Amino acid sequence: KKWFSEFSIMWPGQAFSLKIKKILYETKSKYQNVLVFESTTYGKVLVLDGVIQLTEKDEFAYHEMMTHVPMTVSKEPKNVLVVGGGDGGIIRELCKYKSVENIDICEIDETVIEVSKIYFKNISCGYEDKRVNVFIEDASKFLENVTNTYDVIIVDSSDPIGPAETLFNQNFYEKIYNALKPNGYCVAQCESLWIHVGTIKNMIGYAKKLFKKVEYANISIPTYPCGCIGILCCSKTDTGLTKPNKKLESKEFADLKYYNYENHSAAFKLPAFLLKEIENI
């Protein structure tokens, strides 16, 4: 059996590898190289431009924290935007909320959606929900043109090198701010505290120019570089996103594997070195 190895200039001098049971699908889409394989111990794996996007074994950690942090704080979220997220993980978690009336998703690469529907049925199941509306477009452009405002925006993007380049700048955060309701919230994929402090500082700086409360949370997930990835958390009120307003007690949430009421707040308790780096932004 051969091994898949994840290299990037975004994490120089380190690599994570997974043993390949079998390769399932490969293509070059309009935007990126796509690889799907069954790993020996992590289930099926989606790879975009050589970077692990998700695995079956651990995706719930990232999808549950990204979704349930803002969705338990927002009082009565009706309209939600997912930026990126073609795999459907975020949408799957959002559909658990009966109060949600509309879920828009803006994914740049339609190939990702169709690959997820074929190879990852338990992740992409949310596309069958009638509330879900799909837009195939660079979210940077979508957000410039949208007429609606949202209660929650979830930026489920890949890394700043690649198609997600347009999502890691000041202008993007202006577009997010404007596309949110006066009491709206945004959470965004915001990299690893172990290797990406420069990016984290930059992103916090962008968010603070517009949002009155900007916070950072950490998620444990073994198949992202350094075994963790952060959530940049953006609020227009000053109460912020650290404290949930509701408990997820209905039958739809009985299946949760990572998120709970207590670890919501725990995720925001950061290592000393990180607090020091971000204090004067």
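Heads up: residue numbers just count along the shown sequence, starting at 1.
Chemist: Check the entry's C-alpha temperature factors for 160-168 and 106-114, then say which stretch has the higher mean.
Modeler: In the deposited entry, the stretch with the higher C-alpha B-factor mean is 160-168.
Chemist: So which stretch wins on mean C-alpha B-factor, 242-250 or 216-224?
Modeler: Looking at the record's C-alpha B-factors, the answer is 242-250.
Chemist: Using the B-factor values recorded in the entry, state whether the Cα atom of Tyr119 falls in the lowest, middle or highest third among the modelled residues of its chain.
Modeler: Bottom third by C-alpha B-factor.
Chemist: Based on the deposited C-alpha B factors for this chain, I'd like to know if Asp255 is in the lowest, middle or highest third.
Modeler: Its C-alpha B-factor, which the entry lists for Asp255, ranks in the highest third among residues of this chain.
Chemist: Using the B-factors in the PDB entry, rank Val197's C-alpha atom against the chain and give the third, lowest, middle or highest.
Modeler: Its C-alpha B-factor, which the entry lists for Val197, ranks in the highest third among residues of this chain.
Chemist: Taking the chain's C-alpha temperature factors as the reference, tell me which third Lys141 falls into: lowest, middle or highest.
Modeler: Its C-alpha B-factor belongs to the highest third of this chain's values.
Chemist: Please rank the C-alpha B-factors of the chain's modelled residues and tell me whether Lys236 sits in the lowest, middle or highest third.
Modeler: Ranked within chain, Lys236 CA B lands in the highest tercile.
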